[PDB]
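Single-structure report; data block below.
We place every Cβ from the backbone using ideal geometry, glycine too, and count neighbours over all the protein chains shown. Read-outs throughout are calculated quantities, based only on the coordinates presented, and are distinct from any laboratory measurement.
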Amino acid sequence: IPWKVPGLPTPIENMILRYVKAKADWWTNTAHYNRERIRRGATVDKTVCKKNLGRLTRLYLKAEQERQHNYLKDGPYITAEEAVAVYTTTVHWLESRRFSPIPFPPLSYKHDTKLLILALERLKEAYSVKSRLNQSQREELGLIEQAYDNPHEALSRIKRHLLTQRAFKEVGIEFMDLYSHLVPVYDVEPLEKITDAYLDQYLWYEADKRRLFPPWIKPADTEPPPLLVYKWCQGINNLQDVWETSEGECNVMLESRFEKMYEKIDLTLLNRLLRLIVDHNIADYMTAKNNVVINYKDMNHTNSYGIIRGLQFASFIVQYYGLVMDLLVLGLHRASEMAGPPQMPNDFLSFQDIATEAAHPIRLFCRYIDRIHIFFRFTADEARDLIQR
Amino acid sequence: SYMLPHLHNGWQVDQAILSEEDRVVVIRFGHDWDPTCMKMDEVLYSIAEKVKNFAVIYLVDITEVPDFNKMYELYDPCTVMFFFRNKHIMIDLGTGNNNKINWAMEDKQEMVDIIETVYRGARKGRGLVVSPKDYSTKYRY
Amino acid sequence: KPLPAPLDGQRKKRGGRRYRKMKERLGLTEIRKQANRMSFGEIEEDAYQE
Amino acid sequence: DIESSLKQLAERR
Amino acid sequence: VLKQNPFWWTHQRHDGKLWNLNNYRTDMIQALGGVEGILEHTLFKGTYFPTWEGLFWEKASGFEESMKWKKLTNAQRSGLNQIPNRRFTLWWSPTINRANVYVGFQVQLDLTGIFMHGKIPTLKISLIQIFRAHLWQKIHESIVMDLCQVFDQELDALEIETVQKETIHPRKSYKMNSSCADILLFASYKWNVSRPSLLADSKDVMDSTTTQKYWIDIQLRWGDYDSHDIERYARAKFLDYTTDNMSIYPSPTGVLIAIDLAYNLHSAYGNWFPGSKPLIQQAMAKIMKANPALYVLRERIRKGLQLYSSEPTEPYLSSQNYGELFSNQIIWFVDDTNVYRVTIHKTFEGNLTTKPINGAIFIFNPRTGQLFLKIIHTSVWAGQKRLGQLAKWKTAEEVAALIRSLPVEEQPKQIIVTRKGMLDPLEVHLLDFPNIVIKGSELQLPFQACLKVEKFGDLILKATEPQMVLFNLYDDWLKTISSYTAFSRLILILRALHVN
Amino acid sequence: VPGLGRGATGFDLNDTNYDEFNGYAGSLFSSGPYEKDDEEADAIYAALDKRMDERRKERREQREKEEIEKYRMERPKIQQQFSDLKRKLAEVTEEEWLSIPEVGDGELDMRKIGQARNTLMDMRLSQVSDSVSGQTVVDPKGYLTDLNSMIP
RNA sequence: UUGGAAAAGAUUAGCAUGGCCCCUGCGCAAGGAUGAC
RNA sequence: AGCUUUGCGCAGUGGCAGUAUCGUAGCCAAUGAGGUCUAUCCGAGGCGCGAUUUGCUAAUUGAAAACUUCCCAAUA
């Protein structure tokens, strides 16, 4: 917030500005030192931890505001040609999969009541029985009870908000006090949160029905993470000659993550891509919800280049972005072979045929949430060619 | 800074202790040069406008008025002591004694809670107010 | 931003249709049973249900 | 008032 | 959400419980020494609770609500939150107050036998509050007086001349360094001084030693987990007091008793007088059963530890206790099950008439041949914006208020309720008036026949106002037939009315 | 007047004046009892000490002065920090030093290029998106109008 | 009638008062309708 | 002459009492605060503060829970 004292002497203003700059430098250095000590494992207290967390959150908010301002100044990082090529690839992938778009929720959806009840339950589970609840928390609980009282009216209000409310309120931002990797905690408005949760449940159900998310998208209810690791280990050895290095063959499993994948999500590209899958009105509503004014204490900044993880629709958005990224990385032919024919799709970490398993170096690939892992069994000639390249 | 007016004269400080009776009188015997007394003064300034309606905090310099450091034996660099209507209330910190705080309390909430508890104990007349804190340990981990 | 003085109530002399309505609506009487007992002999819930 | 005391404290530190 | 959930893998209600640690709890209970072994290190023995399965612990319910339904400051909230820590320390105090657990810092509680070998402020505060109002000296004096009275009740047959308590200082009932003699009872004869042995011993050995004056002493101890051996410690104390430098007892054949107040035990390993060892044993057993000061201390200790056994409930009135309700204790057979009086009448078309009827409650006293009907207007039960539990609570409150309207001299000593679940709200509403016992009556009497009467039923239908008008349940048997016969006749009449 | 008038009691040996090394501060010999013979003895002792301290005094002093000059490059006093501002700050006139209110009361268009780039990208994508096959659209006008077609 | 030793007032519940909404009797303003040989 | 309107204030009765009653002292406000009907129509409240104050009685805990002396001994 700018400090404007037009009634103050110019030398007084200069002295105040110099003192402010010195104090800001000292505070930044102290916060960096305290964060380093906390990450290393130094001995601190609750007051020191609280002060360091507050200073780090303020610094992160200022840095995010500066990054958003620079993104607006520098424009979209993604070039037009690259964006067009990515959109063409995604369109080709969707057409090959023949994914019917998920329409807007009809007036007489068969499972609308069930989805609304599930969303209300999933939102209520956060509000555990504590000593008390804030006024906003009390209003949220009251709105949840009212929705559980009149499901039809609540669904009508949700639909009206989805089709009309393209400009939401300010979403709060707080940072979880993780010692190593600080993470944000974004709280949406109560009615906005309810609408987002209903939209997310509907989109997840529609995607499951239409098979939008691919099998290699790892986090699912079918396989828990430890069982996912066990299945990956079991299927790695299931490939033909997965260990025979006698002929010089070498197998390389690359474990990588998409750095700043959540942060570097172009809102315009997200709107242009989600419209190919989600309903155009629903996609526009989700894209608009992705743009909000992040408010925290006396600091308020806008968002234009990063999807908010707090929104209930983040799961579908992040899944679609990860699917697009995987299609770019895995390639059209490899993804098609890994997902099998549309009529009889293949299971996870499985190829339609043994010949189709050795059709390319990429054999096994599990696109976790912002964490890739591809197992490549490069032949001797293929490894030599890749090394030469 | 140090907006709290330090009672330079020892007799002036004693009269100030006899001045207010319906609130809490806290005297900071720390010498203003040391950084620990600076942190104590900062903590007092944090609660300067909060506990004002229930307490009256004054600073003190043991070099200016030595009688307080020679009769009450306040040898700590910055010791916080209380006196309510000519009765030095004792805070049950658990540090062996209860005449002073002797610690640079950097938590404003802790100081506010201690002041409130001291006021409640003085109203109840308990010369040894049970401090709602585990001051016997460093309270850090 | 003043701080409320450390003062409490003086004494209790009223009750019933004058102060009982607030204690029945706002501070409504809970179950007060089947939620405060522990049954130190047996174990109702699981070992780590919490 | 407080200016003199502040200056005195500053001059010794 | 700003709360870190360790169960990020799967949900219990979506994937299912992935573990079952109940066997772990059972194994941890058994491997600690079983329930008895676990409680041995705890203060459950001192609570004198002989039911290791019936006792219930008040989880966060020791106070009213620990002032949670209030607007106290942060310091009061912190104190309330730290209050359970004091209770937890007190529960496991014997396992923690042992001199072999902490360093040697033996400190004895003022005017008490609690020798806290250490400095635990929570447990120290709990022990001080447990012994509030000078309990130790009073308990010792009460034990001495009870022993003297028990002896003097039949002292003449036991060859006792004169029993009088010596001049013992108040500080001689808590200082272990210097002891004295509690009872100085003469025997009027050359009482052969038996060998000083444990009362638990069944050996009848008496050395060639005789005297006239025989002394008896009593000591108070708060044994720890390791100091609970009352017999051996008492024998050692008696041996040390025999050759004590300052405990100058008058009779060298002066027995001494010990009380393990912490572990609820008593022993005596002194010179058991011929024929007095069974007397001392019986006196000690009767005291430990019903010692007044010890009972008060045990009650205070149970209250402090947030432990309270489930008190027995009023028994049901079976076919054998059917006539037991006609005694001088006034019984009002409350049966307001039919209070849900409404008219669900199928209208010709469109809907059904949803018109509630004016209800009522039934209060009749077969023990006195009375009948009082309190009618509940349909307006009170309609449009109040509440569920049926609020209506039941209102009915119970109305019953309690009608009981309060009746004089205390005419308050029903028993309140038989036909509704099973109405006993708890009845007790809660009128806990300030506990002179009425809410006894169960499983066999529900046909008291609803009043609602079908030509006069009573028509009045109940149209009684739009709450009326406490009385009536005579018996037609003429109140002044003509026996009260039990009157109740039988009323039951027969009601059964006939309900039959057809 | 002493502090006894307040009726208060207990519950230069200060801890600041004390230390582990060299014990407490101050001189055990009071500065009072001096004289002309004391002046002569002190002068002789100080002359002897200065003579016995001049072995490496010149080189040590020069090196220390050079080190202080070097440290002046990276060790600005808090006072020095605001010294330049405080020097010019005195130029504020009395009216300027009294009107200070209480604290209780061509050009670069950076966003222009970003907006242009975003518009171009959106136009290119829509041109690409115009080639889509079966992208659906639910008209908000119809849905909102037919929303009340099943209301109570 | 005679005679010897000598919590710094708290917890819990109802009842009326009290607060407002209705009426009544009282007192009266400005009026409103009427009887006046 | 009898009655009565806005009803007022007194006294009695009935009911309500956390959303409510009121000050509202901060602010707008008879010189219009507010809008899906009524939009050339309607015309006086709303945002935030704080409580629901006066007494009596029983009980309850405690050794004592309070209103002008007391435990004692052969008699009178």
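If you add up the charges near A:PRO11, with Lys and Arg at +1 and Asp and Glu at -1, over every other residue whose beta carbon is less than 11 angstrom from its beta carbon, what do you get?
After counting each charged neighbour, the total is 0.
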Quiz item: How far, in degrees from 0 to 90, does helix A:46-74 lean away from the longest principal axis of the Cα atoms of chain A, to the nearest 10?
Solution: 70
Quiz item: Counting only other chains, what is the mean number of Cβ atoms within 10 angstrom of the Cβ of each residue in peptide A:74-81?
Solution: 5
Quiz item: Which net charge results when you count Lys and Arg as +1 and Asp and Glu as -1 among the other residues whose beta-carbon is under 14 Å from that of A:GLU82?
Solution: +2
Quiz item: Which value in nm describes the separation of the simple spin-label points at E:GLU397 and F:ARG87, placed 7 Å from the Cα toward the beta carbon?
Solution: 8.1
Practice problem: Quick one: go through the stretch A:1-26 and flag any residue whose amide nitrogen is under 20 Å from the point 7 Å out along the Cα-to-Cβ line of F:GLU94. | Solution: A:8-12
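Kindly state, to the nearest 0.05, the FRET efficiency for A:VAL293 paired with E:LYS452, given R0 = 60 Å and r defined as their beta-carbon distance. It would help to have the intermediate numbers written out before the result.
On the way: r = 70 Å, r/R0 = 1.17.
According to the calculation, E is roughly 0.30.
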Practice problem: Treating the angle as unsigned and between 0 and 90°, give the value, to the nearest 10°, between the Cα long axis of helix E:74-91 and the longest Cα principal axis of chain E. | Solution: 60
Exercise. Give the distance, in whole Å, between the Cα centre of the stretch E:119-135 and the Cα centre of the stretch E:238-274.
Key: 27
Quiz item: Tell me, what does the Kirkwood hydrodynamic radius of the stretch E:1-92 come to in angstroms if you use every pair of distinct C-alpha atoms?
Solution: 17.5
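Calculate, for E:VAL296 and B:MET3, the FRET efficiency according to 1/(1 + (r/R0)^6) with r their C-beta to C-beta distance and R0 41 Å; round to the nearest 0.05.
Efficiency for this residue pair is about 0.10.
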Practice problem: Take the alpha-carbon centre of the stretch A:129-176, take the same for the stretch E:25-70, and report the distance between them in whole Å. | Solution: 43
Quiz prompt | Exercise: per-residue mean of other protein chain Cβ atoms within 10 Å, F:124-132 | solution = 5
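Could you tally the net charge around E:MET206, taking each other residue with its Cβ under 13 Å from the Cβ of E:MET206, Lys/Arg +1 and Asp/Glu -1? Show your work: numbers first, answer last.
Details: positive: E:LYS190, E:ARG195, E:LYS203, E:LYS277; negative: E:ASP201, E:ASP204, E:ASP207.
Local net charge: +1.
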Exercise. Would you mind estimating how fast the stretch A:1-158 diffuses translationally, via Stokes-Einstein at 10 °C and 1.306 mPa s with the Kirkwood radius over Cα pairs, in µm²/s?
Key: 70
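Roughly how compact is the stretch E:83-155, stated as its Cα Rg over 2.2 N^0.38 Å to two decimals? Let's see the in-between values first.
Details: Rg = 16.0 Å, N = 73, 2.2 N^0.38 = 11.2 Å.
Expressed relative to 2.2 N^0.38 Å, the Cα Rg reads 1.42.
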Quiz item: Helix A:314-330 sits at what angle to the longest principal axis of chain A, using alpha carbons and giving 0 to 90 degrees rounded to 10?
Solution: 40
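List A:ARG37, E:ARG13 from most exposed to least, where exposure is judged by having the fewest other Cβ atoms within 10 Å.
Working: A:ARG37 14, E:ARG13 9.
Lowest count first: E:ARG13, A:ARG37.
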Quiz item: Given Cα pairs under 8 Å that are at least 6 residues apart, what percent is the relative contact order of the stretch B:2-136?
Solution: 29
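Give a quick list of trypsin sites (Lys or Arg not before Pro) in chain C that DSSP marks as loop, anything other than H, G, I, E or B, with at most 16 other Cβ atoms within 10 Å. Don't skip to the answer; put the middle values down first.
Values: sites: C:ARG11, C:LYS12, C:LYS13, C:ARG14, C:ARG17, C:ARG18, C:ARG20, C:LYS21, C:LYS23, C:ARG25, C:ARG32, C:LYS33, C:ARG37; in loops: C:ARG11, C:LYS12, C:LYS13, C:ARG14, C:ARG17, C:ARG18, C:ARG32, C:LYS33, C:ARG37.
In loop regions of chain C (DSSP not H, G, I, E or B), the sparsely surrounded trypsin sites (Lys or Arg not before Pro) are C:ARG11, C:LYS12, C:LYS13, C:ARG14, C:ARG17, C:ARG18, C:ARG32, C:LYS33, C:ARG37.
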Practice problem: Evaluate peptide C:30-41: per residue, the Cβ atoms of other protein chains within 10 Å of its Cβ; return the mean as an integer. | Solution: 6
Practice problem: Grab the Cα-Cα distance for A:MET176 and A:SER128, subtract it from 0.36 nm times how many residues apart they are, and report the gain in nm with one decimal. | Solution: 15.5 nm
Quiz item: How far is it, in nm, from the label point at E:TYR102 to the one at E:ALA133 when both lie 7 Å from their Cα along the line to the Cβ?
Solution: 2.8
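So if we plug the beta-carbon distance of A:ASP25 and A:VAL229 into 1/(1 + (r/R0)^6) with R0 = 45 Å, what FRET efficiency do we get, rounded to 0.05? Intermediate values should be presented prior to the final figure.
Working: r = 46 Å, r/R0 = 1.03.
The value I calculate is 0.45.
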Quiz prompt | Relative contact order for chain E, counting Cα pairs under 8 Å that sit 6 or more residues apart, in percent | solution = 12
Self-check item: Helical contribution to [θ] at 222 nm, DSSP H n ≥ 4, -39,500 (n - 2.57), averaged over chain C, rounded to 500
Solution: -2500 deg cm²/dmol
Quiz item: At 222 nm, what helix-only mean residue ellipticity would chain F give, in deg cm²/dmol to the nearest 500, using -39500 (n - 2.57) for each DSSP H run of four or more?
Solution: -14500 deg cm²/dmol
Quiz prompt | Exposure proxy ranking, count of Cβ atoms within 10 Å, fewest first, for D:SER4, F:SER83 | solution = D:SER4, F:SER83
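Could you tell me what a quarter of the Cα convex hull surface of the stretch B:2-136 works out to, in nm² with one decimal place? Working shown, then result.
Working: hull surface 28.3 nm².
About 7.1 nm², averaged over all directions.
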Quiz item: How large is log10 I(q)/I(0) at q = 0.11, 0.14, 0.23, 0.25 Å⁻¹ when the Debye formula is applied to the Cα atoms of the stretch A:303-389, each weighted equally and without solvent?
Solution: -0.41, -0.62, -1.17, -1.28
Quiz item: If we count other beta carbons within 10 Å of each Cβ, what is the order of A:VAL129, A:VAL20, fewest first?
Solution: A:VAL129, A:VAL20
Self-check item: In the stretch E:332-404, the chymotrypsin sites (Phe, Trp or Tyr not before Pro) that fall in loop regions by DSSP, at most 15 other Cβ within 10 Å
Solution: E:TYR340, E:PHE348
Practice problem: Determine the distance separating the Cα centre of the stretch B:64-115 from the Cα centre of the stretch A:263-280; give it in Å without decimals. | Solution: 63
Exercise. Taking 7 Å along the Cα-to-C-beta vector as the label spot, tell me the C:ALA47-A:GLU247 distance in nanometres, rounded to one decimal.
Key: 5.3
Exercise. Kindly rank B:44-57, A:290-303 from highest to lowest mean number of other beta carbons found within 10 Å of each residue.
Key: B:44-57, A:290-303
Self-check item: Restricting the stretch A:1-102 to GluC sites (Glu not before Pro) in coil, as DSSP defines it, with at most 14 other Cβ within 10 Å
Solution: none
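Quickly estimate the mean residue ellipticity at 222 nm for chain B, helices only: each DSSP H run with n ≥ 4 gives -39500 (n - 2.57), and the total goes over all residues, rounded to 500.
The helix-only estimate for chain B comes to -9500 deg cm²/dmol at 222 nm.
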Quiz item: Which residues in the stretch A:148-188 place their backbone N less than 16 Å from a point set 7 Å from the Cα of A:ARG40 along the Cα-to-Cβ direction?
Solution: A:180
Quiz item: How large, in Å, is chain E by the Kirkwood hydrodynamic radius built from its alpha-carbon pairs?
Solution: 28.9
Quiz item: Taking the highest mean first, how do the peptides E:14-20, E:39-45 order by number of other beta carbon atoms within 10 angstrom per residue?
Solution: E:39-45, E:14-20
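Largest first and in whole Å, what are the equivalent-ellipsoid semi-axes of the protein assembly as shown based on the Cα gyration tensor, each being the root of 5 times an eigenvalue? Could the numbers behind the result be given before it?
Working: eigenvalues 918, 685, 266 Å².
The three semi-axes for the protein assembly as shown are 68, 59, 36 Å.
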Quiz prompt | Given charges at Cβ of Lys, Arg, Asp, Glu: the protein assembly as shown dipole, positive-most of E:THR337, E:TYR233, E:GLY457 | solution = E:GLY457
Quiz item: Under the Kirkwood approximation for Rh and a Cα-based Rg, what ratio Rg/Rh is obtained for chain A?
Solution: 1.02
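Take each of the peptides A:333-339, F:12-18, average the number of other beta-carbon atoms within 10 Å over its residues, and list them starting from the highest.
Details: A:333-339: 19.4, F:12-18: 14.4.
Top of the packing list down: A:333-339, F:12-18.
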